[PDB]
Trainee: 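Let me give you the structure first, and then I'll get to my questions.
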Amino acid sequence: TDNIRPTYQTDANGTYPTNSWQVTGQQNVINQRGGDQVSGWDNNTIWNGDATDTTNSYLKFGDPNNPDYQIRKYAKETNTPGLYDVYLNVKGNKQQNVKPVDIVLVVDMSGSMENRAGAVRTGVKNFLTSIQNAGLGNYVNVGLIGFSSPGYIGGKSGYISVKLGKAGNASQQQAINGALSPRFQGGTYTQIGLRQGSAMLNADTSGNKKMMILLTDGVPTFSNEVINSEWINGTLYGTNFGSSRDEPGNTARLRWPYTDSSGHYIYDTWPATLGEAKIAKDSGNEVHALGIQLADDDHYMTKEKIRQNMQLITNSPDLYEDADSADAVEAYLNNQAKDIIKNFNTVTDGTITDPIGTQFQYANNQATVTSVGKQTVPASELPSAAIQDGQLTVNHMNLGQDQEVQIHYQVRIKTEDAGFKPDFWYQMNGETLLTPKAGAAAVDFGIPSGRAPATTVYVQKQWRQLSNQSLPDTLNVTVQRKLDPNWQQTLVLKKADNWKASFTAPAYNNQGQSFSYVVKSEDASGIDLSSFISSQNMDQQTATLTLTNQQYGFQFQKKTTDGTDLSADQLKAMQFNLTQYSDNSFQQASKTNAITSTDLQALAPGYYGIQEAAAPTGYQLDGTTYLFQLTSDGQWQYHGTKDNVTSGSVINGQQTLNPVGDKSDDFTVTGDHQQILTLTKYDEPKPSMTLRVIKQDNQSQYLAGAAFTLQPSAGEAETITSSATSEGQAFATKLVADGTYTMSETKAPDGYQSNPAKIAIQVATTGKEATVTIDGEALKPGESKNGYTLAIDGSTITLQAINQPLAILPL
Ligand SMILES: [Mg+2]
């Protein structure tokens, strides 16, 4: 068998069969080639791996052309990666060139048998036929002893005999069946049957197995005189016999009982009959018996007692059976035929031991046994197969000519273990052994190997910034998988390579699925990324783990309740401050910076406030500080105001805020990934006043052409020229609430005296009234001072100015 012990190699590619084959179209399993003891390994390097195959890649023991047994172990990958079908096939045979067995049929041909007789005739004929049809004709010598009583069947002898002969032989068959053909008649001298059957068995010392099968209805009515006897386990056994005979004829009970030379009482034919059986057994014969429709022995002995006695004729009770009908008789003999045929199997109570390989686990604990040879192994003869404690064991294998069994189980390669190598052959079994019979040397199945291939996984960084400033040139990341505490993979993602790198890993996990990877970046000292909030996704289709760094930000837009546009001048006086807080109480600012309506400020997760500190010129100040939060996962939350802090509501799309006269402020979340929080802040205008000048000469005529200039406190100077009309001329510049202004005639018209008087106007907080002074002195509506008369009607301030002609020395 040296020529067919599977050999394995181990090297940088793993451990695998040196003489191998592959399954057509699969690259991750490798099996052991078949062979025979003469030629060695077969030439079959690839075939389909179909489990219904019974011809390819077997290891054949004995005659290469007619093996004693042949075996196969191979694996095939399933449609689930890492999960393999494994199959063990074993086919048997009938033995060749071994000694025959000798069987003597000992047939009760007494009258009490004849419809018993007819089932015996047919049963015996089928017994011989069965052995012939199984090709064991030449391995079974069968003889016959038929008994009745002296004078009937056998003549004086009381028995007939057909010598031991091959069961397969036509003339031997005829001789046996011809001998059993006369009508059964006479007494029942069971002792002579047992004696002569044993003598036939013992006539040589070839060393063949010796077997006697006794067919009787169980009541011996003739026996030899019992001379000595022994009591053994509370039954009486005759041990020495005279030539005189006890002849009760139609019952076992003696007419004239006696005490024998061992001082034991003999009152029936049983001591003699059991005695003779004991003598046969002691000589090395195996005695089987069929009790055919046992009936009460008149009113002497119950059928139950007879049955008890019958169970002592055989070597053990096991080897006595009852037959209740003609079919039971044929079935018994058929089963005796099968048992004898089974005797010549090359595999008898055979076993397989199959420990799973280190790098594999059982998919499940199911080991399915099926018959697949041309001759069926019935469900009751099929061996047992069980998986337990990392071992598949197959027991009670019984296989004759053209009988083959297949055992199927499943194993999964473990890729997750810390030491696992992809693209590396691991054996699916430990040493896997058929022991075909008790005491026989074990023989090896060929062990398959499996592997999981490596695959390339890509890691990519995606940046979504609010600027397009310089990003870092590199970024360090760490990959992990599901969380696996040993497995890690660091990578350097580089601007130069489109922010993409790769690693290799096993293509699938312990369950044959793609690994779920997670990735995280490390801090880079030279650049601040607290304003980026990362998210990730493995796209199995592209084999790419993308880490998305999303920048978040805040901005505001400023509006007016009235609906007018704001000047660039107006926006110059406006101030907004962004505050950041330490915690969700917003009780302590960590910082406060100016933010304009053209800014988009990147924000790290935190707590924040936005407040108008100064209104655009013309508009009222709303000093409300709105409070908000950017969470760690890029959620926006509204936390009310400084006056009334709330616990934080998620802002979903928009969140309407406090009323501003006519309108409401709002927070609105914008940008394509909700990355921008936009404040819309409204401003309501300050109520205002208009200033107009009426101009006259010293004689009540309106006087065009006098220049008057209005100087706002922090605003811009405006000059107008008087009309020659009662309506006068207005300034376009609105005198807004709280505002300070001065005015004077900056250019008298030609021929008129300049008037240097200084009008100061201070508008009330309401913006619906004003206080007026002139060269420091209070001037009230209706009153006059230094050429000016004041009137105030609603929100209109009117100054009537009188111009004096240049003085002339009169002549
Ligand atoms: Mg009888």
Side-chain angles (χ1 to χ4, degrees), residues 1-77 84-93 96 346-347 350-357 359-360 372-373 392 394 397 399 402 404-409 411 423-436 440-451:
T1 74
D2 294 2
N3 300 301
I4 67 179
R5 297 166 191 181
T7 53
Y8 311 102
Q9 213 168 344
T10 83
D11 62 35
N13 297 325
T15 297
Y16 53 95
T18 62
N19 313 91
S20 66
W21 61 278
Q22 52 189 69
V23 175
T24 310
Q26 290 194 12
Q27 303 111 242
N28 300 322
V29 71
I30 184 169
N31 297 296
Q32 164 70 47
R33 293 224 292 282
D36 67 68
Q37 299 176 0
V38 178
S39 294
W41 306 121
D42 69 36
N43 297 125
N44 184 5
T45 54
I46 172 167
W47 65 277
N48 70 7
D50 186 341
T52 68
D53 186 287
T54 63
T55 77
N56 288 313
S57 307
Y58 285 79
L59 303 160
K60 301 174 163 165
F61 300 83
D63 187 335
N65 205 260
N66 177 28
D68 293 292
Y69 42 88
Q70 57 185 46
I71 70 183
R72 187 185 63 195
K73 182 184 186 188
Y74 85 96
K76 196 169 92 263
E77 197 162 23
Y84 300 83
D85 287 319
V86 195
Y87 304 100
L88 294 167
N89 279 72
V90 179
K91 174 182 192 185
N93 209 336
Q96 204 158 290
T346 57
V347 187
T351 69
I352 302 170
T353 54
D354 184 359
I356 194 165
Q359 209 58 35
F360 294 80
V372 302
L392 183 163
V394 180
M397 304 184 68
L399 300 168
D402 301 320
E404 190 173 339
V405 297
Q406 184 170 76
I407 302 87
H408 166 248
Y409 64 107
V411 299
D423 303 310
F424 190 86
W425 292 122
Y426 290 99
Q427 301 198 291
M428 300 187 188
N429 305 21
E431 66 172 8
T432 305
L433 304 170
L434 172 69
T435 304
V443 290
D444 298 86
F445 296 83
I447 300 168
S449 287
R451 62 185 184 184

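Computed over heavy atoms, backbone and side chain alike; hydrogens, waters and symmetry mates excluded. In this chain, numbering begins with 1 at the start of the sequence shown.
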Trainee: Is there side-chain contact between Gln96 and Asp63, with at least one heavy-atom pair below 4.5 Å?
Mentor: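 The answer is no, as the side chains (C-beta and beyond) never meet within the 4.5 Å cut-off.
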
Trainee: Is the shortest heavy-atom distance from the side chain of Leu392 to the side chain of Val394 under 4.5 Å?
Mentor: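 A side-chain contact under 4.5 Å exists here.
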
Trainee: In chain order, what residues pass the salt bridge (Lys or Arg N to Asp or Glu O under 4.0 Å) check against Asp444, with sequence neighbours excluded?
Mentor: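 For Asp444, no residue satisfies salt bridge (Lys or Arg N to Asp or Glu O under 4.0 Å) once neighbours in sequence are set aside.
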
Trainee: Would you compute the distance between atom CZ of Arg451 and atom CD1 of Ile30 and round it to the nearest 0.5 angstrom?
Mentor: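 Interatomic distance, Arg451 CZ to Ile30 CD1, rounded to 0.5 Å: 7.5 Å.
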
Trainee: Okay, side chain of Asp42, backbone of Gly34: is any donor-acceptor separation there less than 3.5 Å?
Mentor: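 Side chain of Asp42 to backbone of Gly34, a donor-acceptor pair under 3.5 Å: yes, one is there.
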
Trainee: Shortest non-hydrogen contact from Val86 to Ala75?
Mentor: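 Closest approach of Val86 to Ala75, heavy atoms only: CG2-CB, 4.1 Å.
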
Trainee: Under the side chain to side chain contact (heavy atoms under 4.5 Å, CB included) criterion, do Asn19 and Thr7 qualify, and how do the steps go?
Mentor: CA-CA 7 Å; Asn19 313 91; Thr7 53; 3.3 Å; yes

Trainee: How close do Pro64 and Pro67 get, heavy atom to heavy atom, and via which atoms?
Mentor: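 Looks like O-CD, 4.0 Å.
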
Trainee: Side-chain contact test, heavy atoms from C-beta onward, threshold under 4.5 Å: evaluate it for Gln32 versus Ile447 and give yes or no.
Mentor: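 No, their side chains stay 4.5 Å or more apart.
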
Trainee: Heavy-atom distance under 4.5 Å between the side chains of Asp402 and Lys91, does that happen here?
Mentor: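 SC-SC contact between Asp402 and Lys91 confirmed.
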
Trainee: Quick one: closest heavy-atom pair of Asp36 and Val38, and the distance?
Mentor: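 Scanning both residues completely, I find the closest heavy atoms to be OD1-N, 2.9 Å.
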
Trainee: Evaluate the side-chain proximity of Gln359 to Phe424: yes if any heavy-atom separation is below 4.5 Å, no if none is.
Mentor: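 Result no, sub-4.5 Å side-chain heavy-atom pair not found.
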
Trainee: Carefully, step by step, assess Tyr58 and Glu404 under the rule side chain to side chain donor-acceptor pair (under 3.5 Å).
Mentor: CA-CA 12 Å; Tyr58 285 79; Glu404 190 173 339; 2.4 Å; yes

Trainee: Residues two or more places apart in sequence or in another chain: which of them pass ring-ring contact (aromatic ring centres under 6.0 Å, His included) with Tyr87?
Mentor: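 Counting only residues at least two positions away or on another chain, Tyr87 forms a ring-ring contact (aromatic ring centres under 6.0 Å, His included) with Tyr74, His408.
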
Trainee: Indicate whether any N or O donor in one side chain lies under 3.5 Å from an N or O acceptor in the other, for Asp53 and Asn48.
Mentor: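 Judged by distance alone, the side chains do not pair up.
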
Trainee: Would you please test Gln22 and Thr45 for side chain to side chain contact (heavy atoms under 4.5 Å, CB included) and show each step?
Mentor: CA-CA 6 Å; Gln22 52 189 69; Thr45 54; over 6 Å; no

Trainee: Do you know which two heavy atoms are closest between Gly446 and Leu59, and how far apart they sit?
Mentor: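 Closest heavy-atom pair between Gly446 and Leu59: N-CD1, 3.9 Å.
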
Trainee: To the closest 0.5 Å, what do you measure between OH (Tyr84) and CG (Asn28)?
Mentor: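 That separation rounds to 5.5 Å.
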
Trainee: Starting at OG of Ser57, measure out to CD1 of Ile71 and round the result to the nearest 0.5 Å.
Mentor: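 CD1 of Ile71 is found 12.5 Å from OG of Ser57.
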
Trainee: Would you sort out whether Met397 and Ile352 count as a side chain to side chain contact (heavy atoms under 4.5 Å, CB included), showing the intermediate values?
Mentor: CA-CA 9 Å; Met397 304 184 68; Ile352 302 170; 3.7 Å; yes

Trainee: Hey, is the main chain of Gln9 close enough, under 3.5 Å, to the side chain of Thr18 for a donor-acceptor pair?
Mentor: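 No, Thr18 side chain to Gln9 backbone: no donor-acceptor pair under 3.5 Å.
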
Trainee: Please report the closest heavy-atom contact between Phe445 and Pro6, naming both atoms and the distance.
Mentor: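 The pair with the smallest heavy-atom distance is O-CG, 3.8 Å.
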
Trainee: With sequence neighbours left out, write down each residue that passes salt bridge (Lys or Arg N to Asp or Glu O under 4.0 Å) with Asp11, or none if nothing qualifies.
Mentor: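 Once residues adjacent in sequence are excluded, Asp11 has no partner under the salt bridge (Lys or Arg N to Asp or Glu O under 4.0 Å) criterion.
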
Trainee: In Å, rounded to the nearest 0.5 Å, how long is the span from CG of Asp354 to CE of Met428?
Mentor: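 Between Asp354 CG and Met428 CE, I get 11.5 Å after rounding to 0.5 Å.
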
Trainee: Just verifying a value: how many Å separate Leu399 CG and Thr346 OG1, rounded to the nearest 0.5 Å?
Mentor: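 Interatomic distance, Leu399 CG to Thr346 OG1, rounded to 0.5 Å: 7.0 Å.
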
Trainee: OG1/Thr353 to CG/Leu433 distance, rounded to the nearest 0.5 angstrom?
Mentor: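 So the OG1 of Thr353 and the CG of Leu433 are separated by 4.0 Å.
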
Trainee: Under the criterion ring-ring contact (aromatic ring centres under 6.0 Å, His included), which of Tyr16, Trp41, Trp47 is the partner of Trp21?
Mentor: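 Going through the options one by one, the only one that passes is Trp47.
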
Trainee: Counting only N and O atoms by type, is there a donor-acceptor contact under 3.5 Å from the side chain of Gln406 to the main-chain atoms of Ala51?
Mentor: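 Side chain of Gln406 to backbone of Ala51, a donor-acceptor pair under 3.5 Å: yes, one is there.
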
Trainee: What are the two closest heavy atoms between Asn31 and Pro448, and how far apart are they?
Mentor: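 Reported closest heavy-atom pair: OD1-CB, 3.2 Å.
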
Trainee: Looking only at side-chain N and O atoms, does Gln37 offer a donor or acceptor that is under 3.5 Å from a partner on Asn3?
Mentor: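 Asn3 vs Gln37: no donor-acceptor pair found between side chains.
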
Trainee: Can you tell me if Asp50 has over 12 outside heavy atoms packed within less than 6.0 Å of its CG?
Mentor: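 Check passes, neighbour count above 12.
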
